[PDB]
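Protein chains in written order, with the UniProt record's numbering: chain A, 574 to 620, 641 to 676, 689 to 721; chain B, 919 to 1147; chain C, 722 to 811, 813 to 826, 856 to 1065; chain D, 1116 to 1147.
Quick reminder that beta carbons are idealized off the backbone N, C-alpha and C, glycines included.
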Amino acid sequence: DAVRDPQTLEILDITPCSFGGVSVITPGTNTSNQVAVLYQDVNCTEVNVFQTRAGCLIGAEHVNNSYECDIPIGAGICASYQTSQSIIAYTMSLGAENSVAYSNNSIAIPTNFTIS
Amino acid sequence: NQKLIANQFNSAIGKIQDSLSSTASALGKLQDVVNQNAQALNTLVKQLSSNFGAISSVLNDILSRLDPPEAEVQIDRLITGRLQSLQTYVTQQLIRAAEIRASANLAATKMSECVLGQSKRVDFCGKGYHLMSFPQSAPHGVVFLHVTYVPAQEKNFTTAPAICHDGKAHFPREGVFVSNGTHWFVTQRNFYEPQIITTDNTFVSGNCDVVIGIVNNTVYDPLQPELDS
Amino acid sequence: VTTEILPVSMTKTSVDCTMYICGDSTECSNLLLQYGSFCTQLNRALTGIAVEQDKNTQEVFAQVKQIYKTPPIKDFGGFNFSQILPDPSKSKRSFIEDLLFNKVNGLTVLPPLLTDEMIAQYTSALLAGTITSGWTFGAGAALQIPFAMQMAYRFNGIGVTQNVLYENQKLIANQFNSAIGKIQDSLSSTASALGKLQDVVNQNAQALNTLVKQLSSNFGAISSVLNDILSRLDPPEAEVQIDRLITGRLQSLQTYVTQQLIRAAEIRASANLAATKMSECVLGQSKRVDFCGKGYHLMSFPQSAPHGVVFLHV
Amino acid sequence: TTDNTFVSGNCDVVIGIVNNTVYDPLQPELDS
Ligand SMILES: *[C@@H]1O[C@H](CO)[C@@H](O[C@@H]2O[C@H](CO)[C@@H](O)[C@H](O)[C@H]2NC(C)=O)[C@H](O)[C@H]1NC(C)=O
Ligand SMILES: *[C@@H]1O[C@H](CO)[C@@H](O[C@@H]2O[C@H](CO)[C@@H](O)[C@H](O)[C@H]2NC(C)=O)[C@H](O)[C@H]1NC(C)=O
Ligand SMILES: *[C@@H]1O[C@H](CO)[C@@H](O[C@@H]2O[C@H](CO)[C@@H](O)[C@H](O)[C@H]2NC(C)=O)[C@H](O)[C@H]1NC(C)=O
Ligand SMILES: *[C@@H]1O[C@H](CO)[C@@H](O[C@@H]2O[C@H](CO)[C@@H](O)[C@H](O)[C@H]2NC(C)=O)[C@H](O)[C@H]1NC(C)=O
Ligand SMILES: *[C@@H]1O[C@H](CO)[C@@H](O)[C@H](O)[C@H]1NC(C)=O
Ligand SMILES: *[C@@H]1O[C@H](CO)[C@@H](O)[C@H](O)[C@H]1NC(C)=O
Ligand SMILES: *[C@@H]1O[C@H](CO)[C@@H](O)[C@H](O)[C@H]1NC(C)=O
Ligand SMILES: *[C@@H]1O[C@H](CO)[C@@H](O)[C@H](O)[C@H]1NC(C)=O
Ligand SMILES: *[C@@H]1O[C@H](CO)[C@@H](O)[C@H](O)[C@H]1NC(C)=O
Ligand SMILES: *[C@@H]1O[C@H](CO)[C@@H](O)[C@H](O)[C@H]1NC(C)=O
Ligand SMILES: *[C@@H]1O[C@H](CO)[C@@H](O)[C@H](O)[C@H]1NC(C)=O
Ligand SMILES: *[C@@H]1O[C@H](CO)[C@@H](O)[C@H](O)[C@H]1NC(C)=O
């Protein structure tokens, strides 16, 4: 786990040399031949660069806006092809925000319906 | 709404036809079973070309090249490799088959409870309230068409747990008391259709001093006009 | 209120067979390739499971189309849900959820798509719906209804006339609030309550520890260390000793993967049951005996938990 | 009878509706 150096009497921890799987993140080739490459579980210093928990993503731009997940990367991150168009990375949304108008004397009752 | 319901149903059937139609992704679940089995078979056969430490993966090349004292050793190397490949294959098939065993049990359960009757189980027959379903034949599996009731437009109503009449508390036999801001009605929860609140709709139990949120209204008795007339 | 705990997912492990068997060895790799595509077959088996672990999580927790917020006014007719609702001052998890979480070589571990924060967000939506819109949000759109009115339907559904709830509403709310405090104390200092989740974690850890420890075994070889063979024997002899280690290590991986596939099959089934329970116990009321614990089922609330889901059955 | 059935809608909107007499147990009582 660690070694005490023979001359300095200092202790240094031993980590493995960075490694991990290499994944290609792509839209279907039917609409785009643009790709991004994710180096899983590694630092960007070892390998439009985004460092995340799942690894180093090179090629896609990162944005502030969340979107429903399209093609997942992991650890809260998904990617998509958006406006001209390019591959982007974002924190995934789990759906649109909503609420219930919970007044303590209010009820909603359907007046029409459909059969699906 | 029989005319409307029949029209919505007929439209819904056309919609599933178009969804299933040109796009094969809809049936990916059946395609995956076929593909995984094909891959397992292709892998097993390809392994026959491997040496597994032998001088040659071809049994005939060993037999025609080496005398038995050496040929038998090279053959054992191929037997061990090929036998291990079969053992791996069979184990993999038994595990995959166990998944299918479970899926078939679920599919059979669904037909019995979704097609041969109506279950009241949520998300069992797709989304919405289950009415009916129809099975369809499919390659290596079964496709279920689920017909469900889904609420659409909704309206904002005021409610109350009970109506206070003569000091007695009146509760719905079935349904909820609602108000349009001017008048109280009683209706079924899953389809707004307001009724006049009467003694034939509600029942009396307890009183106005013990019901939280009880409101003042008039409960109609269909018998009194008859006694007076 | 009773607690039922089910596992949902396993650690998304991944194994590099080259690094495991022939790490930093050209001569070993050349021999490993003589055994065909066993690595491809094993790698696909483990990758497939890692994918299924997200499928299991998705089926159990992602049961809403919208994320519903709780009301600004926590007035539910005397019913106190403050211990199951998320705490906004924190990861926005409930008091009970924090208590639950606090009690649980060439190889790597991949992250889940949905981290504890995402699971907590789904859980929040499920509770906000259950409490303020009943089961309508499960079937379709979330339609508001007063909590007491919702309970009236839940009681009627078990053969108890609606007036009983109202006559005893104060008593029922008090019994409920007490019951929530009781589960907090039960889950609290004692970790045995979550043994079912702990067992999944422990079994996976043991499988991994066994696989790594096996690298030190000789399997009939002069040495378990590949580098000692390579620097000691010329190829005519070194290759034999290497094959002995390849066979042993490859068999160990095959055993490991098979064991993971079988354990994963159990989890597959548990996740299906957990998802079924949420749909029929939380997003509606089943009338199934012993499905949502003992007694006649009225309502339930999910809670986020490490590697699984915890259901509180009322 | 009126104690078995309920009234909702009318005779012009029900497909397959038939002509019969619905009995009211109250009328004989009012007359007696
Ligand atoms: C609320 O419901 C009441 C009762 O049906 C409505 O009052 C009726 O309105 C119609 C149309 O003007 C009149 O012909 C009836 O005579 C009224 N009935 C009574 C008892 O007064 C009322 O208009 C509805 N209000 C809203 C906003 O829908
Ligand atoms: C329904 O109306 C009656 C009056 O006819 C209300 O009874 C009065 O309630 C007030 C308190 O708000 C008391 O101070 C009066 O003494 C009560 N009058 C009588 C004769 O008892 C009753 O509270 C109303 N109920 C609802 C739900 O509105
Ligand atoms: C809901 O229950 C919680 C306890 O589980 C209540 O929190 C306590 O509130 C009292 C004041 O009434 C404080 O003195 C305690 O220190 C609080 N306990 C904790 C752990 O914070 C909460 O007030 C209740 N809310 C409602 C509306 O009843
Ligand atoms: C029930 O009987 C009444 C007659 O008492 C029917 O009403 C007539 O229907 C015919 C068409 O078949 C019309 O041409 C007449 O003008 C209607 N008479 C009146 C007074 O409206 C009614 O259609 C019958 N309903 C059923 C289901 O048999
Ligand atoms: C070794 O010698 C160097 C000087 O050349 C000195 O700075 C260092 O502290 C010494 N280390 C030990 C363990 O004595
Ligand atoms: C795929 O390509 C075809 C043309 O070959 C095009 O008509 C179709 O719209 C494309 N699919 C998508 C999603 O763009
Ligand atoms: C990557 O390396 C830098 C140092 O160059 C370090 O500061 C950073 O925290 C590392 N990030 C990860 C994810 O290891
Ligand atoms: C998000 O917005 C902040 C400013 O509020 C900016 O500093 C940051 O770089 C933005 N991040 C991305 C990915 O655009
Ligand atoms: C329900 O909405 C449809 C349009 O989608 C309309 O044609 C139908 O008449 C409506 N039914 C009712 C009862 O409002
Ligand atoms: C019902 O009315 C209230 C205002 O009184 C509003 O805030 C709420 O959003 C409405 N409900 C729906 C479903 O629109
Ligand atoms: C609703 O809450 C208000 C307080 O804001 C209270 O005065 C009223 O009586 C409550 N109504 C019901 C039905 O709980
Ligand atoms: C049954 O079908 C006949 C046509 O053959 C039609 O005249 C009759 O009104 C239908 N009755 C019902 C209840 O649909």
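Assuming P728/C and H1048/C form a contact by the criterion Cβ under 8 Å, report the distance between their Cβ atoms to the nearest whole angstrom. Between the beta-carbon of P728/C and that of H1048/C there is about 22 Å, and that puts the pair past the 8 Å contact cut.
Checking contacts by CB at 8 Å: is residue 630/A closer than that to chain B? No coordinates exist for residue 630/A; the numbering of chain A passes from 620 to 641 with nothing in between.
What would DSSP say about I726/C, mapped onto helix, strand or coil? In this structure, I726/C counts as strand in the three-state DSSP scheme.
Anything in the stretch 1040-1071 of chain B with a Cβ closer than 9 Å to a Cβ of chain A? List those residues in chain order, please. So the close ones are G1044, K1045, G1046, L1049, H1064, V1065, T1066, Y1067, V1068, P1069, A1070 and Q1071.
For a cutoff of 8 Å on Cβ pairs, would you count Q1011/B as touching chain D? Judged by the 8 Å Cβ criterion, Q1011/B is not in contact with chain D.
Short Cβ contact (8 Å threshold) for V1094/B with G1035/C: Contact: no.
With DSSP as the reference, label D1146/D as helix, strand or coil. Assignment of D1146/D by DSSP, reduced to helix, strand and coil, places it in the helix class.
Can you give me the C-alpha to C-alpha distance between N824/C and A879/C, rounded to a whole angstrom? Computed Cα separation, rounded: 24 Å.
Presumed contact (8 Å Cβ cut-off) between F1062/C and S1051/C, rounded CB distance: 6 Å between Cβ atoms; contact.
Anyone know if the C-beta pair for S939/C and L1024/C falls short of 8 Å? With respect to the 8 Å criterion, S939/C and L1024/C are not classified as neighbours on the basis of their beta carbons.
Over the uninterrupted alpha helix (DSSP H) stretch that includes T588/A, give me the two end residues. Careful: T588/A lies outside any alpha helix (DSSP H) and carries neither H nor E.
At what residues does the beta strand (DSSP E) containing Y1047/B begin and finish? First-last of the beta strand (DSSP E) with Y1047/B: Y1047 to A1056.
With 8 Å as the C-beta to C-beta threshold (strictly closer), list the residues of the stretch 1108-1129 of chain B near chain A in chain order. So the list reads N1108, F1109 and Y1110, given in the order they occur along the chain.
So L916/C and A903/C are supposed to be a Cβ contact under 8 Å. How far apart are they, rounded? Going by Cβ atoms, the distance from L916/C to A903/C rounds to 5 Å, so yes, they are a contact pair.
Taking 7 Å as the line, does the beta carbon of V1133/B fall inside it for any heavy atom of ligand 2? Yes, the beta carbon of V1133/B sits closer than 7 Å to at least one heavy atom of ligand 2.
By Cβ distance, which residues of its chain are closer than 8 Å to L1012/C, with the 5 residues on each side in sequence left out? Around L1012/C, the same chain offers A766 and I770 as residues with beta carbons nearer than 8 Å, after the five sequence neighbours per side are excluded.
Along the alpha helix (DSSP H) that carries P986/C, what are the first and last residues, could you check? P986/C -> alpha helix (DSSP H) spans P986 to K1028.
Taking only the alpha-carbon atoms, compute the straight-line gap between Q1142/D and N1119/B and give it to the nearest angstrom. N1119/B has its alpha-carbon roughly 21 Å from the corresponding atom of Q1142/D.
With a threshold of 8 Å on Cβ separation, who are the neighbours of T778/C within its own chain once the five nearest residues in sequence on each side are excluded? Excluding residues up to 5 positions away in sequence, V729, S730, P863, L864, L865, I870 and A1022 lie with their Cβ nearer than 8 Å to the Cβ of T778/C in the same chain.
Would you please verify whether the beta carbon of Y707/A is less than 8 Å from any beta carbon of chain C? Judged by the 8 Å Cβ criterion, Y707/A is in contact with chain C.
Span of the beta strand (DSSP E) holding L611/A? Counting along the chain, the beta strand (DSSP E) containing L611/A begins and ends at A609 to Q613.
Does the structure place the stretch 992-1009 of chain C close enough to the stretch 1129-1139 of chain B that three or more beta carbon pairs sit under 8 Å? Short answer: they don't touch.
Tell me the residue span of the alpha helix (DSSP H) that contains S929/B. Its alpha helix (DSSP H) spans residues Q920 to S939.
Quick check on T1077/B - is its C-beta less than 8 Å from some C-beta in chain A? Yes, its Cβ sits closer than 8 Å to a Cβ of chain A.
Quick check on the burial criterion: 16 or more other C-beta atoms within 10 angstroms. Buried or exposed for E661/A? Burial call: exposed.
For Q926/B and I1130/D, what's the separation of their Cα atoms in angstroms? In a straight line, the C-alpha of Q926/B is about 18 Å away from that of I1130/D.
Residues that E654/A bridges to, as DSSP identifies them: For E654/A, which the question treats as bridged, DSSP gives the partners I693/A.
Hey, could you find the ends of the beta strand (DSSP E) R577/A is sitting in? Bounds of the beta strand (DSSP E) holding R577/A are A575 to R577.
For a cutoff of 8 Å on Cβ pairs, would you count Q926/B as touching chain D? For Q926/B, the answer is no, since every Cβ of chain D falls outside 8 Å of its Cβ.
Any beta carbon of chain C sitting closer than 8 Å to that of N658/A? Put simply, the CB of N658/A is far from chain C, with every gap to its CB atoms at 8 Å or more.
Would you call the stretch 992-1000 of chain C and the stretch 968-983 of chain C touching, i.e. three or more CB-CB distances under 8 Å? These segments touch.
Determine, for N955/C, whether the minimum Cβ-Cβ distance to residues of chain B falls below 8 Å. Closer than 8 Å: no.
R983/C: buried (16+ other C-beta within 10 angstroms of its C-beta) or exposed? When all chains shown are included, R983/C counts as exposed.
Return the CA-CA distance between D796/C and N709/A, expressed in angstroms with no decimal places. Going by C-alpha positions, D796/C is about 8 Å away from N709/A.
Cβ of residue 868/B less than 8 Å from any chain A Cβ? The structure shown does not extend to residue 868/B, since chain B spans only 919 to 1147, so no value can be given for it.
Cα-Cα separation, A1080/B to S875/C: If you take the alpha carbons of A1080/B and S875/C, they lie about 31 Å apart.
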